[PDB]
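Engineer: One structure, pasted below without further comment.
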Amino acid sequence: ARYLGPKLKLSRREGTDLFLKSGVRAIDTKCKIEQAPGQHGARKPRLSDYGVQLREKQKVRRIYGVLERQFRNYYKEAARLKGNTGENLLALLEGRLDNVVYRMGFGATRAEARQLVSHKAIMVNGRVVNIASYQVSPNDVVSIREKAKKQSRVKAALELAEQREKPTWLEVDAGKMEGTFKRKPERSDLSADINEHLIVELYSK
Amino acid sequence: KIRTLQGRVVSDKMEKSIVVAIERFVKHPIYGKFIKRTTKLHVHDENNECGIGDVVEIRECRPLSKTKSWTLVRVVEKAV
Amino acid sequence: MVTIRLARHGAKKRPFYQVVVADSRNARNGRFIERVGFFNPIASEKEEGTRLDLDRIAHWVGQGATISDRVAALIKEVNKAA
Amino acid sequence: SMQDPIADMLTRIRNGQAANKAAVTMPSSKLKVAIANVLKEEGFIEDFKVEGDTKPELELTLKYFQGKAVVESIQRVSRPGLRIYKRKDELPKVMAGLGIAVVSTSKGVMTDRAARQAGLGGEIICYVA
Amino acid sequence: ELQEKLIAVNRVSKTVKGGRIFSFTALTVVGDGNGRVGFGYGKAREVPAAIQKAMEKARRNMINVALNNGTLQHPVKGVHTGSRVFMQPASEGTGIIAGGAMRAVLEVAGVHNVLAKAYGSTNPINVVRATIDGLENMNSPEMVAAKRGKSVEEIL
Amino acid sequence: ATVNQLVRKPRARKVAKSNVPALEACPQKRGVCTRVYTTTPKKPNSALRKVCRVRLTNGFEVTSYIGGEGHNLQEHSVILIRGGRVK
RNA sequence: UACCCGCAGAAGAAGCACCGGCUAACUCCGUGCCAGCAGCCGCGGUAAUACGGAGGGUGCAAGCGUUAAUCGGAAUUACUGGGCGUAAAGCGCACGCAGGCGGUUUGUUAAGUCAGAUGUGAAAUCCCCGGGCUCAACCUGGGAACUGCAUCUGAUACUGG
RNA sequence: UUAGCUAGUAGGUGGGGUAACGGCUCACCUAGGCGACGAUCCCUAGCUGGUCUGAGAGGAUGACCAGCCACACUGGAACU
Ligand SMILES: [Mg+2]
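Chains as they are written, first to last, in our numbering: chain S, 17 to 221; chain C, 160 to 239; chain W, 192 to 273; chain B, 64 to 192; chain H, 18 to 173; chain Y, 274 to 360.
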């Protein structure tokens, strides 16, 4: 129930950055960033209205690695809630446990953040949480437990967090390798390449 | 005070029994039109005293007959 | 006749009981009479485990109700704790 | 023939707007005045002039704005073949409340937003927008 | 800043003694994201050529539409040539709910959260003419305050 | 469309039937092969469509298209049909 | 049993469907109205993006497809929310009962109608706010709701009497 | 393209009967009773909370949980 294929092949499909590797080696030095994979990947078609709504939703899933049914459950939850549904939807996406570990930069990629939660190396409010898709409540702490603090892939990811923009809604520590979920973020606190007014309409035919 | 009803004296031929029809005036559950709907009842009169074509006032009583569980209380405007 | 017994309402291996006024000839899925409270044997900490209207119960024993074994135990032990 | 004076009235209002007339007259009724004394108050006509002794005749003054009309819509909700009785909660909002709905309740004739503040429903006559 | 969307690519024909002269036709709409929008139906002998005539029609002859913040102000319906189309404001954060040409014409109209439904003919020429007519006569609370000689709070 | 006519007579919503009645609202039904043969189709296409006349469970005698290319079908053989018309 | 530590290696653990348009995703080769394909329009009559194979790609996922079965889309029975000059559709007209419908004005009545209040509308379910299981599914607390009906107190504009 | 249906039927009086009221049963009177607001007859069917769909209106639906009902080889009958 995971994607296991080539990561940058998905980047070549959507054509934009998906942050799927550590960014140490330059991304364009690993793939033609503006050719879709395979034979007929150079020629850009007159892409239709249906496709760009699909490609937008296929972007956001492949941003966070979320399969369709479980992603649809987020849509059902966000539609049940109040206000802007896409802002509610992104909050659910930011509510993911394996997201915040990448947002705290403890794992270099989200999949490198996910394996840690899979291999039980995390403590949330002092409690180990095996589920990567767990929804993070506000004002909680996410601490590396002391079995796998000594992994070299932890502290090298901390430097990659220094390379990235530091998020705002995360009171993150370094010496204890812990953090604190301050508050929920905004639409504005995330990127602008994700349209609110498309992923709603795709699931509202 | 009592749960009483009125209606139209339809038949008075059979002895100690009159047939009274009652208009219930009800909305249609879909179309919303108010319909005159008719509920007839066999009412035990005494005395066979009711004129045909009359407004009576009735009351629910204990079961008088096989088809009759209704007894009048009084009569308004007996004439034709 | 009128009973007050324990009614399994929960998942497998984790029981939860609606201790209600019911009938001693009816069943657990089926007919109760009045819902007078609940009980969790897996009542953890920081949560109540037995919230019963202990005065309408006295109304029905006044009408001659029948009280089960744990129900007689737990109404005592609530009053032996509250 | 004559199945309603009210539906006669609203259509005579409706056809007078497009005819760009300044005065629409008709025989008057007690219910007609009770409606015509709302739309002046609600600002959809300018003047009504009830006159007539043997038979009262209501004469209206149509309100025109920037050349064109004011009455953008005028309808009938409770028709004589199908009556409408809605409670205080099911009172509508004509043009999202920008227009008005004429309701007659036991407290005479008023608008719906007054009837909500009156807190009592009744018979919805027409929609004016 | 006037964003532009083509609507229809289409191939009609005249018939002569020699045969059939195919001609490509195109429907477009422009709009600024504010309450200014204009459609354009162009026609030429060529697909990238008739669209420019369709745009040039649409760049002229605009219409001024009283929007609300991100939506309509009150629901209204729209008709042109058997193409009865109802539309409706919605709550914030729900997107445009419409199909066909109506998705395009509201997006260049700069609304963001609507409800809409087409009845009858879904012919994209006359279905967008019905959208415009409903958006055209949709009026402000401020205007009907001035039309009725009142204020906003004298309406609420 | 007058509501008095609507009162005296309700709107008769039209009742639709199945085009595949022999299954009698089942997903698949067992059948027995009666005759296996070919059939020329109608005008726009020209082929020999392999097809079998089938005795069913409920005694119905129907025809059902053999999909694919090539088969090992005999008469007096137990088969299973899913539906779908051939145009 | 729940849960807790050791152990060992990337180890033992991914597949269906699809690419003519409809609808996201194409080339090559076989094939020649044959073999076939097919939800619809429709493809194959030697150069097939529609057949078959390959490559590549799209969609999902421990499942993926097909069939069955119900609503939706379908306003395609149109209460909400249709039409009848010629696209289906106004009886060949007239009469007329039941029927439905009713000018104006005053009182009366309070039936309808509206308002209020009691009773009931079991629980479950759904909704809302919570809680509990590592989360989720699930369980569960409280609430709202159960659009009603009965009764009582009004109300009097309209519709009735 | 089911229009007439009913003789204990319908009512009364009296007697009997049942825990209970009542053609419940019987006797004797009366001729009534029902139906075009669908009686009658035919076809199909356990019913509701609910479930599924639908924006709603509605539509379909009654496995699982409930509430009720009916049945227990078939047809019968009482017994306790
Ligand atoms: Mg929202």
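We treat Cβ as the ideally placed atom computed from N, Cα and C, and that holds for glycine.
With a threshold of 8 Å on Cβ separation, who are the neighbours of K199 (chain C) within its own chain once the five nearest residues in sequence on each side are excluded?
Structural biologist: Indexing the second sequence from 1 puts residue 199 (chain C) at position 40. These residues qualify, in order along the chain: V169, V178, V179, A180, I181.
Engineer: Relative to ligand 1, what is the chain-ordered list of residues with a Cβ closer than 7 Å to any of its non-hydrogen atoms?
Structural biologist: Cβ atoms closer than 7 Å to ligand 1 belong to S:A94, S:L97, S:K98, S:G99, S:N100, S:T101, S:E103, S:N104, H:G110.
Engineer: Decide if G144 (chain B) is buried, meaning its Cβ has at least 16 other Cβ atoms within 10 Å, or exposed.
Structural biologist: Residue mapping note: residue 144 (chain B) aligns to position 81 of the fourth sequence, counting from 1. Exposed, because fewer than 16 other Cβ atoms sit within 10 Å of the Cβ of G144 (chain B).
Engineer: Which residues in the same chain as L346 (chain Y) place their Cβ atom closer than 7 Å to its Cβ, once the five residues preceding and following it in sequence are excluded?
Structural biologist: Position 73 of the sixth sequence, counting from 1, holds the residue named residue 346 (chain Y). Answer for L346 (chain Y): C306, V309, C325, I339, listed in chain order.
Engineer: How long is the line joining the alpha carbons of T45 (chain S) and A58 (chain S), rounded to whole angstroms?
Structural biologist: The residue labelled residue 45 (chain S) in the question sits at position 29 within the first sequence. The residue labelled residue 58 (chain S) in the question sits at position 42 within the first sequence. Spanning the two alpha carbons is a distance of roughly 18 Å.
Engineer: State buried or exposed for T148 (chain H), treating a residue as buried only when at least 16 other CB atoms are found within 10 Å of its CB.
Structural biologist: Taking the fifth sequence and counting its residues from 1, one reaches residue 148 (chain H) at position 131. Result: buried.
Engineer: Give me the chain B residues within the contact set of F193 (chain C), using Cβ-Cβ distance strictly less than 8 Å, ordered along the chain.
Structural biologist: Within the second sequence, residue 193 (chain C) is the residue found at index 34, counting from 1. Here the neighbours are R146.
Engineer: Taking Cβ-Cβ distances below 7 Å as the criterion, which residues of the region 132 to 146 of chain B are in contact with chain H?
Structural biologist: Listed in sequence order: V133.
Engineer: Measure how close the beta-carbons of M120 (chain S) and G195 (chain S) come, nearest whole angstrom, since I'm counting them as under 8 Å.
Structural biologist: Along the first sequence, one-based indexing puts residue 120 (chain S) at 104. Along the first sequence, one-based indexing puts residue 195 (chain S) at 179. With a Cβ gap of about 5 Å, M120 (chain S) and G195 (chain S) count as contacting.
Engineer: Could you give the first and the last residue of the continuous alpha helix (DSSP H) run that contains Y90 (chain S)?
Structural biologist: Reading the first sequence from its first residue, position 74 is the one you call residue 90 (chain S). Per DSSP, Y90 (chain S) belongs to the alpha helix (DSSP H) from 84 to 96.
Engineer: Using DSSP bridges, identify the partner residues of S170 (chain C).
Structural biologist: Within the second sequence, residue 170 (chain C) is the residue found at index 11, counting from 1. Paired residues: C:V178.
Engineer: Alpha carbon to alpha carbon, how far is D175 (chain B) from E109 (chain B)? Give it in angstroms, no decimals.
Structural biologist: Within the fourth sequence, residue 109 (chain B) is the residue found at index 46, counting from 1. Within the fourth sequence, residue 175 (chain B) is the residue found at index 112, counting from 1. Looking at the two C-alpha atoms, the distance is approximately 21 Å.
Engineer: At a Cβ cut of 8 Å, what residues of the region 203 to 217 of chain S count as close to chain H, listed as they run along the chain?
Structural biologist: Those residues of the region 203 to 217 of chain S that come within reach of chain H (Cβ to Cβ, closer than 8 Å) are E212, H213, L214, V216, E217.
Engineer: Report the option in S:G102, S:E217, S:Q74, S:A94 whose CA atom is closest to the CA atom of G31 (chain S).
Structural biologist: In the first sequence, counting from the first residue as 1, residue 31 (chain S) sits at position 15. Among S:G102, S:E217, S:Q74, S:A94, the Cα nearest to that of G31 (chain S) is on S:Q74.
Engineer: Kindly say whether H203 (chain C), judged by its beta-carbon, lies nearer than 8 Å to any beta-carbon of chain Y.
Structural biologist: Here the question's residue 203 (chain C) lines up with position 44 in the second sequence. Chain Y contact via Cβ: absent.
Engineer: For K95 (chain B), is the classification buried or exposed, using 16 other Cβ atoms within 10 angstroms of its Cβ as the cut-off for buried?
Structural biologist: Position 32 of the fourth sequence, counting from 1, holds the residue named residue 95 (chain B). Under this definition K95 (chain B) is a buried residue.
Engineer: On the three-pair Cβ rule with 8 Å, is the region 44 to 59 of chain H touching the region 116 to 130 of chain H?
Structural biologist: Segments in contact, yes.
Engineer: In the structure shown, what three-state DSSP assignment does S220 (chain S) receive?
Structural biologist: As a first step, residue 220 (chain S) must be located in the first sequence, where it is residue number 204. Coil, per DSSP.
Engineer: When the distance is taken between beta carbons, is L113 (chain S) closer than 8 Å to residue 222 (chain S)?
Structural biologist: The requested residue 222 (chain S) does not occur in the structure, where chain S is confined to residues 17 to 221.
Engineer: Mind listing which residues of the region 93 to 122 of chain S have their C-beta closer than 7 Å to chain H's C-betas, in chain order?
Structural biologist: The residues in question are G99, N100, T101, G102, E103.
Engineer: With DSSP run on the structure shown, which of helix, strand or coil describes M79 (chain H)?
Structural biologist: For the purposes of this step, residue 79 (chain H) is taken as residue 62 along the fifth sequence, with counting starting at 1. Three-state result, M79 (chain H): coil.
Engineer: The alpha helix (DSSP H) that contains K200 (chain S), what's its start and end?
Structural biologist: Here residue 200 (chain S) is taken as the residue at index 184 of the first sequence, counted from 1. No alpha helix (DSSP H) holds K200 (chain S); DSSP gives it neither H nor E.
Engineer: Which residues of chain C have a Cβ atom closer than 8 Å to the Cβ of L279 (chain Y), listed in chain order?
Structural biologist: Here residue 279 (chain Y) is taken as the residue at index 6 of the sixth sequence, counted from 1. Near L279 (chain Y) (Cβ distances below 8 Å), the residues of chain C are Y190.
Engineer: Could you tell me whether the Cβ of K34 (chain H) comes closer than 8 Å to any Cβ of chain B?
Structural biologist: Looking up residue 34 (chain H) in the fifth sequence gives position 17. It does not; no Cβ of chain B falls within 8 Å.
Engineer: Can you name the residues of chain C whose CB is closer than 7 Å to the CB of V305 (chain Y)?
Structural biologist: Position 32 of the sixth sequence, counted from the first residue, corresponds to residue 305 (chain Y). Within 7 Å Cβ-Cβ: nothing; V305 (chain Y) doesn't reach chain C, min ~50 Å.
Engineer: Determine, using beta carbons only, whether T88 (chain B) and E120 (chain B) come nearer to each other than 8 Å.
Structural biologist: Position 25 of the fourth sequence, counting from 1, holds the residue named residue 88 (chain B). Position 57 of the fourth sequence, counting from 1, holds the residue named residue 120 (chain B). Against a cut-off of 8 Å, the Cβ pair of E120 (chain B) and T88 (chain B) comes out as a contact.
Engineer: Quick check: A83 (chain H) and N27 (chain H), are their CB atoms within less than 8 Å of each other?
Structural biologist: Position 66 of the fifth sequence, counting from 1, holds the residue named residue 83 (chain H). Position 10 of the fifth sequence, counting from 1, holds the residue named residue 27 (chain H). No, they are not a contact pair.
Engineer: The alpha helix (DSSP H) spanning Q74 (chain S) covers which residue range?
Structural biologist: Walking along the first sequence from the start, residue 74 (chain S) turns up at place 58. Here the alpha helix (DSSP H) through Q74 (chain S) covers 65 to 80.
Engineer: Since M158 (chain B) meets chain H, which of its residues come closer than 7 Å, beta carbon to beta carbon?
Structural biologist: Within the fourth sequence, the letter at position 95 stands for residue 158 (chain B). Within chain H, the residues near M158 (chain B) are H91.
Engineer: Report yes or no: is there a C-beta of chain C within less than 8 Å of the C-beta of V293 (chain Y)?
Structural biologist: As a working note, residue 293 (chain Y) is residue 20 in the sixth sequence. False, the Cβ-Cβ gap to chain C never drops below 8 Å.
Engineer: Please compile the residues from chain H whose C-beta is within a distance smaller than 9 Å of the C-beta of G182 (chain B).
Structural biologist: Position 119 of the fourth sequence, counting from 1, holds the residue named residue 182 (chain B). The premise fails here: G182 (chain B) is roughly 17 Å from chain H at the closest Cβ pair, so nothing lies under 9 Å.
Engineer: Note the first and the last residue of the continuous beta strand (DSSP E) segment covering residue 154 (chain C).
Structural biologist: Because chain C spans 160 through 239 in this model, residue 154 (chain C) falls outside it and cannot be assessed.
Engineer: Could you tell me if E348 (chain Y) is buried or exposed, where buried requires 16 or more neighbouring beta carbons within 10 angstroms of its beta carbon?
Structural biologist: For the purposes of this step, residue 348 (chain Y) is identified with residue 75 of the sixth sequence, where counting begins at 1. The residue in question, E348 (chain Y), is exposed, as its Cβ has fewer than 16 Cβ neighbours within 10 Å.
Engineer: State the CB to CB distance for the pair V144 (chain H) and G117 (chain H), rounded to an integer number of angstroms; the pair is presumed to be in contact (CB under 8 Å).
Structural biologist: Numbered from its first residue, the fifth sequence carries residue 144 (chain H) at position 127. Numbered from its first residue, the fifth sequence carries residue 117 (chain H) at position 100. Right, the Cβ-Cβ distance comes to about 6 Å (below 8 Å), so this counts as a contact.
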